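Top line first, the protein sequences correspond to chains B and A.
Residues in the first sequence are numbered from 109 upward in steps of one, following the deposited numbering.
Residues in the second sequence are numbered from 107 upward in steps of one, following the deposited numbering.
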Amino acid sequence: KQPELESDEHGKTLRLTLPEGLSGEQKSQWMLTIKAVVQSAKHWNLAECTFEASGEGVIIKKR
Amino acid sequence: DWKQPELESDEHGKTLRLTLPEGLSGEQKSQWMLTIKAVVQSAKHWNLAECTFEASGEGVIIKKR
Numbered sequence: 109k110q111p112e113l114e115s116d117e118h119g120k121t122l123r124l125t126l127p128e129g130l131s132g133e134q135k136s137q138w139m140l141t142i143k144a145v146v147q148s149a150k151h152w153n154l155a156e157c158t159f160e161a162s163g164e165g166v167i168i169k170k171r
Numbered sequence: 107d108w109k110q111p112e113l114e115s116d117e118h119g120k121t122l123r124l125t126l127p128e129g130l131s132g133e134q135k136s137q138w139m140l141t142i143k144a145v146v147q148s149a150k151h152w153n154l155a156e157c158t159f160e161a162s163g164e165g166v167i168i169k170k171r
């Protein structure tokens, strides 16, 4: 399932789906990587960051 | 074994490194990369410091009232 944006009369909701049947720790690792991005969006303005793919996964760069 | 999200810095630069969840099929890896990509893209339209983040059933949610 691709990202889904639900629009409520009470606001919007971005819903992200995790792959079918992942294990328990794979689910946490995944979750943790997304939260690191939301945390970084609180310190940095991500529209002004460069986002590249790396060997291990991904890299978000500021300055 | 699995590296947690970590920052790296030095002169003229600060980076956030994210490691892929382990034991993933090529498909799931593609899915993982798109999820991270959907999140940076939302931070470009919304201010995520003013949004709620939480785990739901088989996923994650980000709400902007």
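Ideal placement from N, C-alpha and C gives every residue a C-beta, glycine not left out.
Can you tell me whether DSSP reads residue i as helix, strand or coil?
i	result
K109(B)	coil
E114(B)	strand
Tell me where the beta strand (DSSP E) around residue i begins and ends.
i	result
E128(B)	Premise fails: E128(B) is in no beta strand (DSSP E) and is neither H nor E.
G165(A)	165-170
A161(A)	158-161
For residue i, count neighbouring C-beta atoms within 10 Å of its own C-beta (all shown protein chains included) and say buried if the count is 16 or more, exposed if not.
i	result
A149(B)	buried
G165(A)	buried
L154(A)	buried
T141(B)	buried
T125(A)	buried
Quick one: which chain A residues come within Cβ less than 9 Å of residue i?
i	result
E164(B)	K109, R123, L124, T125, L126
Could you tell me which of the options sits nearest to residue i, measuring between CA atoms?
i	options	result
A161(B)	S136(A), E117(A), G119(A)	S136(A)
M139(A)	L154(A), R123(A), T158(A)	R123(A)
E128(B)	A144(B), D116(B), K109(B)	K109(B)
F159(A)	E114(B), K170(B), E117(B), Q147(B)	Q147(B)
Identify the contact partners of residue i in chain B, using a Cβ-Cβ distance below 8 Å as the criterion.
i	result
residue 68(A)	With chain A covering only 107 through 171, there is no way to say anything about residue 68(A).
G129(A)	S131, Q134
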